[PDB]
Amino acid sequence: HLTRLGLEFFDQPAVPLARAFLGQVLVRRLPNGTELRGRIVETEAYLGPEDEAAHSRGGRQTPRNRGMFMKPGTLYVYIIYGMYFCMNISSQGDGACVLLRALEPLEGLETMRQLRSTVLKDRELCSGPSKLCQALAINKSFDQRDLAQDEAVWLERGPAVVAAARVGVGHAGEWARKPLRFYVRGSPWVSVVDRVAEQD
Amino acid sequence: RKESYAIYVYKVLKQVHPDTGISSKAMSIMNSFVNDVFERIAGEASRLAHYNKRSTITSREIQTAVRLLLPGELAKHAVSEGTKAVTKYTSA
Amino acid sequence: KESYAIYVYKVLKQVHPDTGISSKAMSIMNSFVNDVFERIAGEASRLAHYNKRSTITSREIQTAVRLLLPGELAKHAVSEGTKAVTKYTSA
Amino acid sequence: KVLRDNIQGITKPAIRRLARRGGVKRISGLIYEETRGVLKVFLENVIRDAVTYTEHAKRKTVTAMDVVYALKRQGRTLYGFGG
Amino acid sequence: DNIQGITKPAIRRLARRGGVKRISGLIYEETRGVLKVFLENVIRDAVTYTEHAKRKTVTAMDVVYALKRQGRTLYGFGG
Amino acid sequence: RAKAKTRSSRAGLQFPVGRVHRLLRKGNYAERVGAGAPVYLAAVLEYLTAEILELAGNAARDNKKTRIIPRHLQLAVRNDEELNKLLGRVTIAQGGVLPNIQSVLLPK
Amino acid sequence: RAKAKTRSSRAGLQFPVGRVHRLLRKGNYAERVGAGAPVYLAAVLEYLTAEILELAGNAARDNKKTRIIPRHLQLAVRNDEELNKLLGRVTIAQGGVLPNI
Amino acid sequence: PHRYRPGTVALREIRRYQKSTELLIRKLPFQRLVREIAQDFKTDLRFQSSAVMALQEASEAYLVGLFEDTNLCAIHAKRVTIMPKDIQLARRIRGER
Amino acid sequence: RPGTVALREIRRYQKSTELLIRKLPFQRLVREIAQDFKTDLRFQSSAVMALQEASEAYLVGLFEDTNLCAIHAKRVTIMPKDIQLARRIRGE
DNA sequence: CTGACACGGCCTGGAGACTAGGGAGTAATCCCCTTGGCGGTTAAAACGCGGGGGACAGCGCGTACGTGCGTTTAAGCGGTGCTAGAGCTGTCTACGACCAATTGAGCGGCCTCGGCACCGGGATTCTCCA
DNA sequence: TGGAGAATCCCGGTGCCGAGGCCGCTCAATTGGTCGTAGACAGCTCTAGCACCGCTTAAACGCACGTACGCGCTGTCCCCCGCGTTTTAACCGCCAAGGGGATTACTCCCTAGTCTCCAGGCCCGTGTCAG
């Protein structure tokens, strides 16, 4: 078909991936033949080996953090507790990554309303990356899956934006306060907001 | 005013020894004994209720506090007398 | 279940940063904190009932610490508690 | 189902080990039976108190809390088991 | 120096109450030191109980509480 | 209304049930106090008072006295093994000691 | 609402002053509990824990180990006269005894 | 004249001071001792008479129990005369320092 | 020489923190004692280990007091009378 | 060479803020209990001295623990299997806190008389020397 | 063996003050009803406690020998006991004067109670280091 984004779309550095992964649709393809049509509202970006909050800080070459020297835009999940996971996409360059944070759906609300259970407001319906990663049913066995192949999840083109600093990485280092996390303005479904960075 | 266990110790003394009196210092010692045993049993029962997440002191807490505090034959006779008193309380 | 494990971590990192602690030693320190807390609070309850007050203030805790703890420990514990209460009420 | 005299399981080298930990250079042959009796009395008191704590809570399992509370009663607080 | 007021015949009489038949001459100084240590331990707690209540005099209940604090409960002085 | 019967009078106790209830409620033991706990505690304190008083009266009879003095209470506590075990850390004022001379101090 | 600063940080302490306040309230010690009593008790508990950990860390360093075991806690308590006076009637599990002959 | 053997007067005194319930230390020296100990803690301090009587009864009971344990310590070492090492042993076993 | 192996055992059993009584005979002793108080009791492992820690510490402290009693009577051999003297002075 | 420990969502209990009511602080007053000094009688301590007797050191013996070695055994670890019951949740009921009116029981005060300490003479042992 | 000095108990009178009984009344215990929640009761899940089998293997057990050590015996010499005499100060009674405990009214501030919200701490299965 034509409504699919290939591997050539992701071939940019870290901050254009931060800029060009906002307001775009992530359509998870469940085996029942349905759709999700979720629009992402915030992202995070780790620059690479020079970032203190990244997983490859100071030349870390663990065998689990290996999906960057064969292709850009590689799907990655890591265990975070003890059952939770996170959504990571490898950017251009060794160690560069972008992390998915939160999205909003528009159909099939019953699916993650009943699937996320192992109090149900719309603001807290999809707030938190781990339970939304559980809602798309992507486990640790899909870490080797390539992003734009087979019948699995791809990207779909959609129809202000405020940059905020890092929150929750600790009060240490020099990369813990750079404003790069992009969130849309006026949205009341944003989990973490910056009241002092809104006035710029 | 000051409250004391004087008349009750006197009543018990006249009940068990009907021709025997008691001095003032002896009544002070018996009053201190009653206060000490009461504080011991109630402290043990409070600890037992806090350990088992119970906010009430029932007759069972006093029973096991008496069994923990008093040595054997005293504990058996005191538990029997307390059970008799509670049974007479509920039935009347 | 609540425990004082992270607080003994914080104190040990303030006083001895190149020193870890095992699980059994942390269980011993949790029991020690509970034991000292029960002693001081029970003594403060006793001096509340002796003076016919229904309030545990800092004075009852200070006098309970001075009764229970031996000499130099009592002096330094009174100094530490007084500094903490003055700093907390100064703000 | 019925256990015999297992008091002899506290053997003679165990009592010698405990006395050498205590700092004893020489041990009489009649020390051992006195140590069986002393250990029997101590365990009788502590186990009786812990069993009382157990049957007050309506349980069939004696917990580490029951022994810890029994020893806290008997004036000898044991740290390390959650007390 | 009022520790000499606890005289040698008083220590002998307290030993006679304890069933002691023969007494060495160096017993009395050790008994004075033991009694002084015990009285310091009780009197410090009694003074502490007095200062908590904001009073100038030490009562019998303060001494009774100080002795119950050390596991030496005294009957007959109130409770 | 109805005739006022004492809670001690309806359990056959001389010790006050209601006073023990009030001392339990103001003693900061638990937030609630059941109905049978003051009755049980009154019966237990009545029994222990009776146990010391009977033995002290026997000691007062043995010393040709009509009143009970502190010496009789000390003899009654220290001669019974259970009451001596219960009151082992208790000093009775004006109590004295038991007459106990060791066998190695007596002459031959 | 204003900034929610923790009451433990207001006293410059590390122990959970709110938890000590709650445990004093539900422990049935008095009808009401004053404001400075949990602060004082948390400071005293923090000082005693800090002194125990001082001597335990020195005992672990003297035996060339970088982790406190209960043997170090026993040597720390028993080698000081005041902490041995406070913990005379206390048995430390896996604690051992001191070398004396 | 008549002179008693060593041991008769001591056992007579043991029976005399075990039959009696009186206080043995003179009251005024004990008062002065309590005052000089308490002046090392808080100056200008008064005392109830019942407080000093309580202190005297407790101190006399403690010393009688100490002398009983001392007597057993001396009997254990094949002696009838008590010595300061007996008191030190009894207080070391009892847990006092 | 008679005594140097005893001294090295004293030196090596004071630096160690391990449990000196075998585990299973102590477990069977605890279950044999607990049979007389209640029939068909269960035990946790931590309960038996707490009992063993308390028993070992109690016996070690008793043997220290026994050694002081033995050295007091000018001998280096502990005897049951030393245990009985220390046990009476401790109040048991 | 490896296993214990540290570095990584969500939920519930701490915290801010308002209300209000009663517990504790403060000023003043009343009288009971503490202190201090004097007389004066005398019980009690201090001191000296002789002598019995018990602590203490030395020595010899007899036995009973230490030490070492070989044979026995059952703790200890690993693994499996079964099920008692520990622990948690849901439901609902009866039991205790709480309040207002009632009332009688215990406490302070006061009067009175009988047990108990004390003095004293004679009977009855206690002990020590001969 | 007995005699004698000395200590101890018994019986008789006395006089004293503290126990024991009575009374007014004030405060706390009883009675009745209501209401909210702690806790008994039924049920389920899954932790963990017990029972059983087997292999190494360290520890308990039995025995042999020797020497250190407990233990009895003896001499001796200091050191404490017993008693008479002298100095010293505890103790009973009394006055008084002052401090200070104990009670009362009041007025004030502080801490319980509650509503809402949010941030610290708990749960947890793999990265990396110290025995």
# chains A, B, ... in the order shown; residues from 1 in each chain; ligands from 1

call {"tool": "residues_around", "arguments": {"residues": "residue B:55", "least_positions_apart": "5", "cutoff": "9 Å", "atoms": "only C-alpha atoms (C1' of nucleotides)", "output": "list in words"}}
result
residues 46, 49 and 50 of chain B; 30, 31, 32 and 33 of chain F; 38 of chain K

call {"tool": "residues_around", "arguments": {"residues": "residue B:28", "least_positions_apart": "3", "cutoff": "8 Å", "atoms": "only C-alpha atoms (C1' of nucleotides)", "output": "PyMOL selection string"}}
result
(chain B and resi 24-25+31-32) or (chain E and resi 75-78)

call {"tool": "write_last_selection", "arguments": {"atoms": "C-alpha atoms", "output": "compact mmCIF listing (two decimals), in the first residue's frame"}}
result
# COMPACT_ATOMS: atom_id res chain seq x y z
CA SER B 24 -2.33 1.40 107.02
CA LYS B 25 1.07 0.44 105.61
CA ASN B 31 -3.04 -1.08 96.93
CA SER B 32 0.34 -0.85 95.20
CA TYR E 75 5.67 -1.05 97.48
CA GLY E 76 4.14 0.93 100.31
CA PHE E 77 4.90 4.51 99.27
CA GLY E 78 1.90 5.07 97.01

call {"tool": "interface_residues", "arguments": {"of": "chain K", "to": "chain I", "cutoff": "10 Å", "atoms": "only C-alpha atoms (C1' of nucleotides)", "output": "list in words"}}
result
residues 48, 49, 50, 59, 66, 67, 68, 69 and 70 of chain K

call {"tool": "residues_around", "arguments": {"residues": "residue E:30", "least_positions_apart": "4", "cutoff": "12 Å", "atoms": "only C-alpha atoms (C1' of nucleotides)", "output": "count of residues only"}}
result
22

call {"tool": "atom_distance", "arguments": {"atom1": "atom CA of residue A:171", "atom2": "atom CA of residue G:7"}}
result
20.7 Å

call {"tool": "interface_residues", "arguments": {"of": "chain F", "to": "chain J", "cutoff": "12 Å", "atoms": "only C-alpha atoms (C1' of nucleotides)", "output": "MDAnalysis selection string"}}
result
chainID F and resid 1:6 16 19 25 31:36 64:69 107

call {"tool": "residues_around", "arguments": {"residues": "residue C:54", "least_positions_apart": "2", "cutoff": "12 Å", "atoms": "only C-alpha atoms (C1' of nucleotides)", "output": "JSON, numbers by chain"}}
result
{"C": [44, 45, 46, 47, 48, 49, 50, 51, 52, 56, 57, 60], "F": [26, 27, 28], "G": [28, 29, 30, 31, 32, 33, 34], "J": [22, 23, 24], "K": [111]}

call {"tool": "write_last_selection", "arguments": {"atoms": "C-alpha atoms (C1' of nucleotides)", "output": "short mmCIF file (atom, residue, chain, number, x, y, z; two decimals), in the first residue's frame"}}
result
data_model
loop_
_atom_site.label_atom_id
_atom_site.label_comp_id
_atom_site.auth_asym_id
_atom_site.auth_seq_id
_atom_site.Cartn_x
_atom_site.Cartn_y
_atom_site.Cartn_z
CA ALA C 44 6.99 9.72 77.07
CA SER C 45 3.58 8.08 77.59
CA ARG C 46 4.48 7.32 81.21
CA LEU C 47 5.57 10.89 81.94
CA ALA C 48 2.45 12.13 80.18
CA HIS C 49 0.29 10.05 82.52
CA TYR C 50 2.32 10.96 85.62
CA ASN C 51 1.87 14.72 85.16
CA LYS C 52 -1.81 14.36 84.11
CA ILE C 56 3.45 14.34 74.14
CA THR C 57 5.49 17.47 73.43
CA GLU C 60 8.49 14.64 77.33
CA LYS F 26 -8.25 6.32 80.46
CA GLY F 27 -5.11 4.18 80.58
CA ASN F 28 -4.37 4.43 76.82
CA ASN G 28 -1.73 4.61 71.69
CA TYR G 29 0.81 6.63 73.67
CA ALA G 30 -1.21 9.79 74.37
CA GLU G 31 -4.48 11.36 73.28
CA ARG G 32 -2.72 14.08 71.27
CA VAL G 33 0.85 14.43 69.99
CA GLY G 34 2.70 17.73 69.73
"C1'" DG J 22 -10.42 22.47 74.98
"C1'" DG J 23 -5.81 21.64 77.17
"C1'" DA J 24 -2.24 23.83 78.92
"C1'" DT K 111 -3.55 20.32 67.68
#

call {"tool": "interface_residues", "arguments": {"of": "chain E", "to": "chain K", "cutoff": "10 Å", "atoms": "only C-alpha atoms (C1' of nucleotides)", "output": "ChimeraX atom specification"}}
result
/E:22-25,55-57

call {"tool": "select_by_dssp", "arguments": {"residues": "chain A", "states": "helix (DSSP H, G or I)", "output": "mmCIF file with N, CA and C atoms, in the first residue's frame"}}
result
data_model
loop_
_atom_site.group_PDB
_atom_site.id
_atom_site.type_symbol
_atom_site.label_atom_id
_atom_site.label_comp_id
_atom_site.auth_asym_id
_atom_site.auth_seq_id
_atom_site.Cartn_x
_atom_site.Cartn_y
_atom_site.Cartn_z
ATOM 1 N N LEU A 7 11.973 2.629 5.961
ATOM 2 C CA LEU A 7 13.181 2.893 6.736
ATOM 3 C C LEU A 7 13.865 4.189 6.325
ATOM 4 N N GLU A 8 13.568 4.710 5.132
ATOM 5 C CA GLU A 8 14.202 5.940 4.673
ATOM 6 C C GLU A 8 13.639 7.178 5.360
ATOM 7 N N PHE A 9 12.490 7.059 6.030
ATOM 8 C CA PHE A 9 11.910 8.206 6.718
ATOM 9 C C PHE A 9 12.682 8.556 7.985
ATOM 10 N N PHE A 10 13.269 7.565 8.651
ATOM 11 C CA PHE A 10 13.908 7.761 9.946
ATOM 12 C C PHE A 10 15.374 8.164 9.850
ATOM 13 N N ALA A 14 19.273 12.993 15.875
ATOM 14 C CA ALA A 14 18.406 12.803 17.039
ATOM 15 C C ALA A 14 17.340 13.890 17.151
ATOM 16 N N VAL A 15 17.729 15.156 17.034
ATOM 17 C CA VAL A 15 16.768 16.250 17.191
ATOM 18 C C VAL A 15 15.795 16.398 16.005
ATOM 19 N N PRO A 16 16.101 16.052 14.732
ATOM 20 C CA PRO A 16 14.981 15.949 13.775
ATOM 21 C C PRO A 16 14.044 14.782 14.042
ATOM 22 N N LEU A 17 14.534 13.665 14.594
ATOM 23 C CA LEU A 17 13.625 12.611 15.046
ATOM 24 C C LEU A 17 12.759 13.075 16.206
ATOM 25 N N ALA A 18 13.292 13.936 17.074
ATOM 26 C CA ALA A 18 12.467 14.539 18.115
ATOM 27 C C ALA A 18 11.429 15.480 17.516
ATOM 28 N N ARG A 19 11.800 16.204 16.456
ATOM 29 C CA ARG A 19 10.864 17.125 15.820
ATOM 30 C C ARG A 19 9.839 16.399 14.953
ATOM 31 N N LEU A 109 -11.596 1.801 22.490
ATOM 32 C CA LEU A 109 -11.269 2.137 23.875
ATOM 33 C C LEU A 109 -11.474 0.951 24.812
ATOM 34 N N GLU A 110 -12.405 0.053 24.473
ATOM 35 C CA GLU A 110 -12.655 -1.137 25.281
ATOM 36 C C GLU A 110 -11.466 -2.094 25.265
ATOM 37 N N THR A 111 -10.682 -2.082 24.177
ATOM 38 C CA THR A 111 -9.572 -3.019 24.009
ATOM 39 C C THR A 111 -8.484 -2.807 25.058
ATOM 40 N N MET A 112 -7.993 -1.576 25.208
ATOM 41 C CA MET A 112 -7.050 -1.317 26.288
ATOM 42 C C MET A 112 -7.739 -0.961 27.598
ATOM 43 N N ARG A 113 -9.063 -0.772 27.592
ATOM 44 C CA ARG A 113 -9.784 -0.650 28.854
ATOM 45 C C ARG A 113 -9.804 -1.977 29.605
ATOM 46 N N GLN A 114 -9.974 -3.087 28.885
ATOM 47 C CA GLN A 114 -9.995 -4.404 29.512
ATOM 48 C C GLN A 114 -8.685 -5.170 29.384
ATOM 49 N N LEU A 115 -7.815 -4.804 28.438
ATOM 50 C CA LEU A 115 -6.582 -5.556 28.238
ATOM 51 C C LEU A 115 -5.486 -5.129 29.207
ATOM 52 N N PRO A 129 4.112 5.167 29.972
ATOM 53 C CA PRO A 129 4.560 4.400 28.797
ATOM 54 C C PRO A 129 4.494 2.892 28.971
ATOM 55 N N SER A 130 4.594 2.393 30.204
ATOM 56 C CA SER A 130 4.650 0.951 30.419
ATOM 57 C C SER A 130 3.300 0.287 30.174
ATOM 58 N N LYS A 131 2.216 0.868 30.695
ATOM 59 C CA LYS A 131 0.916 0.231 30.516
ATOM 60 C C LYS A 131 0.376 0.438 29.105
ATOM 61 N N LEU A 132 0.797 1.501 28.410
ATOM 62 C CA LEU A 132 0.424 1.610 27.003
ATOM 63 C C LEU A 132 1.257 0.677 26.132
ATOM 64 N N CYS A 133 2.506 0.399 26.526
ATOM 65 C CA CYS A 133 3.279 -0.634 25.841
ATOM 66 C C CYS A 133 2.675 -2.013 26.079
ATOM 67 N N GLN A 134 2.119 -2.235 27.273
ATOM 68 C CA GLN A 134 1.369 -3.460 27.533
ATOM 69 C C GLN A 134 0.056 -3.491 26.758
ATOM 70 N N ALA A 135 -0.532 -2.321 26.490
ATOM 71 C CA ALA A 135 -1.786 -2.255 25.744
ATOM 72 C C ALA A 135 -1.605 -2.656 24.285
ATOM 73 N N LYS A 140 9.026 -8.780 25.149
ATOM 74 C CA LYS A 140 10.464 -8.822 24.907
ATOM 75 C C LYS A 140 10.841 -9.670 23.698
ATOM 76 N N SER A 141 9.915 -10.469 23.165
ATOM 77 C CA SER A 141 10.191 -11.297 21.999
ATOM 78 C C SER A 141 10.149 -10.520 20.690
ATOM 79 N N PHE A 142 9.716 -9.259 20.714
ATOM 80 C CA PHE A 142 9.650 -8.426 19.522
ATOM 81 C C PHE A 142 10.796 -7.421 19.452
#

call {"tool": "closest_atom_pairs", "arguments": {"of": "chain E", "to": "chain F", "cutoff": "12 Å", "atoms": "only C-alpha atoms", "output": "Markdown table"}}
result
| residue | atom | partner | partner_atom | distance |
| --- | --- | --- | --- | --- |
| E:14 | CA | F:96 | CA | 11.0 |
| E:16 | CA | F:101 | CA | 10.1 |
| E:17 | CA | F:97 | CA | 7.4 |
| E:18 | CA | F:97 | CA | 8.2 |
| E:19 | CA | F:101 | CA | 5.9 |
| E:20 | CA | F:105 | CA | 8.6 |
| E:21 | CA | F:105 | CA | 6.9 |
| E:22 | CA | F:105 | CA | 9.4 |
| E:64 | CA | F:91 | CA | 10.6 |
| E:67 | CA | F:91 | CA | 9.9 |
| E:68 | CA | F:90 | CA | 9.0 |
| E:69 | CA | F:89 | CA | 11.7 |
| E:70 | CA | F:89 | CA | 10.0 |
| E:71 | CA | F:89 | CA | 6.5 |
| E:72 | CA | F:89 | CA | 5.8 |
| E:73 | CA | F:90 | CA | 4.8 |
| E:74 | CA | F:91 | CA | 4.7 |
| E:75 | CA | F:92 | CA | 5.0 |
| E:76 | CA | F:93 | CA | 5.6 |
| E:77 | CA | F:93 | CA | 7.9 |
| E:78 | CA | F:93 | CA | 11.0 |

call {"tool": "closest_atom_pairs", "arguments": {"of": "chain I", "to": "chain D", "cutoff": "6 Å", "atoms": "only C-alpha atoms", "output": "Markdown table"}}
result
| residue | atom | partner | partner_atom | distance |
| --- | --- | --- | --- | --- |
| I:10 | CA | D:20 | CA | 4.7 |
| I:13 | CA | D:21 | CA | 5.1 |
| I:14 | CA | D:21 | CA | 5.2 |
| I:21 | CA | D:14 | CA | 5.4 |
| I:25 | CA | D:9 | CA | 4.8 |
| I:29 | CA | D:6 | CA | 5.4 |
| I:32 | CA | D:3 | CA | 5.8 |
| I:41 | CA | D:60 | CA | 5.4 |
| I:42 | CA | D:61 | CA | 4.3 |
| I:43 | CA | D:62 | CA | 4.9 |
| I:44 | CA | D:63 | CA | 5.7 |
| I:46 | CA | D:64 | CA | 5.4 |
| I:47 | CA | D:64 | CA | 4.1 |
| I:60 | CA | D:22 | CA | 5.0 |
| I:63 | CA | D:22 | CA | 5.4 |
| I:64 | CA | D:22 | CA | 4.9 |
| I:77 | CA | D:26 | CA | 4.5 |
| I:78 | CA | D:27 | CA | 5.3 |
| I:79 | CA | D:28 | CA | 5.6 |
| I:80 | CA | D:31 | CA | 5.5 |

call {"tool": "select_by_dssp", "arguments": {"residues": "chain D", "states": "strand (DSSP E)", "output": "number ranges by chain"}}
result
D: 26-27, 61-62, 77-79

call {"tool": "atom_distance", "arguments": {"atom1": "atom CA of residue B:85", "atom2": "atom CA of residue F:42"}}
result
8.8 Å

call {"tool": "interface_residues", "arguments": {"of": "chain H", "to": "chain K", "cutoff": "9 Å", "atoms": "only C-alpha atoms (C1' of nucleotides)", "output": "number ranges by chain"}}
result
H: 1-7, 9-10, 26-29

call {"tool": "write_last_selection", "arguments": {"atoms": "C-alpha atoms", "output": "CSV table (one decimal), in the first residue's frame"}}
result
chain,number,residue,atom,x,y,z
H,1,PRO,CA,35.0,-13.3,133.5
H,2,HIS,CA,32.9,-14.7,130.7
H,3,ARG,CA,33.9,-14.2,127.1
H,4,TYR,CA,32.0,-15.6,124.1
H,5,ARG,CA,33.7,-17.6,121.4
H,6,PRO,CA,34.0,-15.9,117.9
H,7,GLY,CA,30.8,-16.8,116.1
H,9,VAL,CA,27.7,-13.1,118.9
H,10,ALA,CA,27.6,-13.0,115.1
H,26,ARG,CA,20.9,6.1,110.8
H,27,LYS,CA,18.5,8.5,109.1
H,28,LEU,CA,20.3,11.8,109.3
H,29,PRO,CA,23.6,10.6,107.7

call {"tool": "residues_around", "arguments": {"residues": "residue G:39", "least_positions_apart": "3", "cutoff": "9 Å", "atoms": "only C-alpha atoms (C1' of nucleotides)", "output": "list in words"}}
result
residues 58, 81, 84, 85 and 88 of chain C; 7, 8, 11, 13, 15, 17, 18, 20, 21, 35, 36, 42, 43 and 44 of chain G

call {"tool": "write_last_selection", "arguments": {"atoms": "N, CA, C and O atoms", "output": "compact mmCIF listing (two decimals), in the first residue's frame"}}
result
# COMPACT_ATOMS: atom_id res chain seq x y z
N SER C 58 7.77 18.06 72.90
CA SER C 58 9.20 17.82 72.82
C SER C 58 9.83 17.69 74.19
O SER C 58 10.90 17.09 74.31
N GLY C 81 18.33 16.83 68.94
CA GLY C 81 16.90 17.08 68.91
C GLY C 81 16.55 18.55 69.08
O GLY C 81 15.61 19.05 68.45
N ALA C 84 17.26 20.22 65.77
CA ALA C 84 16.22 19.87 64.81
C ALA C 84 14.93 20.63 65.06
O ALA C 84 14.32 21.14 64.11
N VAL C 85 14.51 20.75 66.32
CA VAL C 85 13.25 21.43 66.63
C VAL C 85 13.38 22.93 66.40
O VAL C 85 12.46 23.56 65.85
N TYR C 88 13.31 23.45 62.62
CA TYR C 88 12.00 23.20 62.04
C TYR C 88 11.02 24.31 62.40
O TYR C 88 10.16 24.68 61.58
N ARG G 7 8.30 17.65 55.63
CA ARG G 7 8.57 18.15 56.97
C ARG G 7 9.88 17.58 57.52
O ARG G 7 10.52 18.23 58.36
N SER G 8 10.33 16.44 57.00
CA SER G 8 11.64 15.90 57.34
C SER G 8 12.76 16.80 56.85
O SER G 8 13.78 16.97 57.53
N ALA G 11 13.49 20.05 59.04
CA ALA G 11 14.32 19.89 60.22
C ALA G 11 15.76 19.56 59.88
O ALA G 11 16.59 19.48 60.79
N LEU G 13 16.74 16.67 58.68
CA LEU G 13 16.89 15.28 59.09
C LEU G 13 16.78 14.38 57.87
O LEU G 13 16.54 14.83 56.75
N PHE G 15 15.28 10.93 58.71
CA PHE G 15 14.29 9.95 59.12
C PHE G 15 12.87 10.44 58.83
O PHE G 15 12.62 11.65 58.82
N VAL G 17 9.80 11.84 59.46
CA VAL G 17 9.15 12.53 60.57
C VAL G 17 7.64 12.34 60.53
O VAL G 17 6.99 12.19 61.57
N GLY G 18 7.06 12.31 59.33
CA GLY G 18 5.64 12.03 59.21
C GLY G 18 5.28 10.62 59.63
O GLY G 18 4.23 10.39 60.24
N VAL G 20 6.99 8.87 61.89
CA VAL G 20 7.12 8.86 63.35
C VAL G 20 5.91 9.52 64.00
O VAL G 20 5.42 9.05 65.03
N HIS G 21 5.37 10.57 63.37
CA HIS G 21 4.15 11.21 63.86
C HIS G 21 2.95 10.27 63.79
O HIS G 21 2.16 10.20 64.74
N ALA G 35 3.75 18.96 67.96
CA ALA G 35 4.37 19.14 66.65
C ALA G 35 5.85 18.80 66.66
O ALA G 35 6.35 18.17 65.73
N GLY G 36 6.57 19.20 67.70
CA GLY G 36 8.00 18.95 67.75
C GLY G 36 8.41 17.58 68.24
O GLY G 36 9.60 17.25 68.17
N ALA G 42 12.74 11.69 65.72
CA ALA G 42 13.44 11.32 64.49
C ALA G 42 14.90 11.76 64.54
O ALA G 42 15.77 11.03 64.07
N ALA G 43 15.18 12.93 65.12
CA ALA G 43 16.56 13.37 65.27
C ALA G 43 17.34 12.47 66.22
O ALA G 43 18.51 12.16 65.95
N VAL G 44 16.72 12.05 67.32
CA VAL G 44 17.39 11.18 68.29
C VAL G 44 17.66 9.81 67.67
O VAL G 44 18.76 9.25 67.81

call {"tool": "residues_around", "arguments": {"residues": "residue K:78", "least_positions_apart": "2", "cutoff": "12 Å", "atoms": "only C-alpha atoms (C1' of nucleotides)", "output": "VMD selection string"}}
result
(chain J and resid 53 to 56) or (chain K and resid 76 80)

call {"tool": "residues_around", "arguments": {"residues": "residue A:24", "least_positions_apart": "2", "cutoff": "6 Å", "atoms": "only C-alpha atoms (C1' of nucleotides)", "output": "ChimeraX atom specification"}}
result
/A:22,39,157-158

call {"tool": "decode", "arguments": {"residues": "stretch 3-10 of chain B", "atoms": "N, CA, C and O atoms", "output": "mmCIF file, in the first residue's frame"}}
result
data_model
loop_
_atom_site.group_PDB
_atom_site.id
_atom_site.type_symbol
_atom_site.label_atom_id
_atom_site.label_comp_id
_atom_site.auth_asym_id
_atom_site.auth_seq_id
_atom_site.Cartn_x
_atom_site.Cartn_y
_atom_site.Cartn_z
ATOM 1 N N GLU B 3 -8.482 8.199 94.885
ATOM 2 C CA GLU B 3 -9.107 6.887 94.874
ATOM 3 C C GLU B 3 -8.106 5.813 95.279
ATOM 4 O O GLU B 3 -6.901 5.930 95.040
ATOM 5 N N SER B 4 -8.619 4.766 95.917
ATOM 6 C CA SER B 4 -7.781 3.682 96.396
ATOM 7 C C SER B 4 -8.584 2.393 96.394
ATOM 8 O O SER B 4 -9.815 2.404 96.437
ATOM 9 N N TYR B 5 -7.867 1.276 96.349
ATOM 10 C CA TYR B 5 -8.479 -0.043 96.480
ATOM 11 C C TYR B 5 -8.511 -0.482 97.939
ATOM 12 O O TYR B 5 -8.116 -1.593 98.272
ATOM 13 N N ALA B 6 -8.980 0.385 98.832
ATOM 14 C CA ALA B 6 -8.903 0.088 100.255
ATOM 15 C C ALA B 6 -10.089 -0.741 100.728
ATOM 16 O O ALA B 6 -9.906 -1.767 101.398
ATOM 17 N N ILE B 7 -11.302 -0.308 100.380
ATOM 18 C CA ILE B 7 -12.506 -0.976 100.857
ATOM 19 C C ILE B 7 -12.648 -2.360 100.242
ATOM 20 O O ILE B 7 -13.176 -3.273 100.880
ATOM 21 N N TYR B 8 -12.144 -2.561 99.025
ATOM 22 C CA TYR B 8 -12.275 -3.859 98.377
ATOM 23 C C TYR B 8 -11.299 -4.880 98.948
ATOM 24 O O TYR B 8 -11.657 -6.051 99.128
ATOM 25 N N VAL B 9 -10.072 -4.449 99.251
ATOM 26 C CA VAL B 9 -9.114 -5.310 99.936
ATOM 27 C C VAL B 9 -9.612 -5.632 101.339
ATOM 28 O O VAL B 9 -9.483 -6.767 101.817
ATOM 29 N N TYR B 10 -10.253 -4.657 101.991
ATOM 30 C CA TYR B 10 -10.868 -4.899 103.294
ATOM 31 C C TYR B 10 -12.017 -5.903 103.211
ATOM 32 O O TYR B 10 -12.171 -6.753 104.096
#
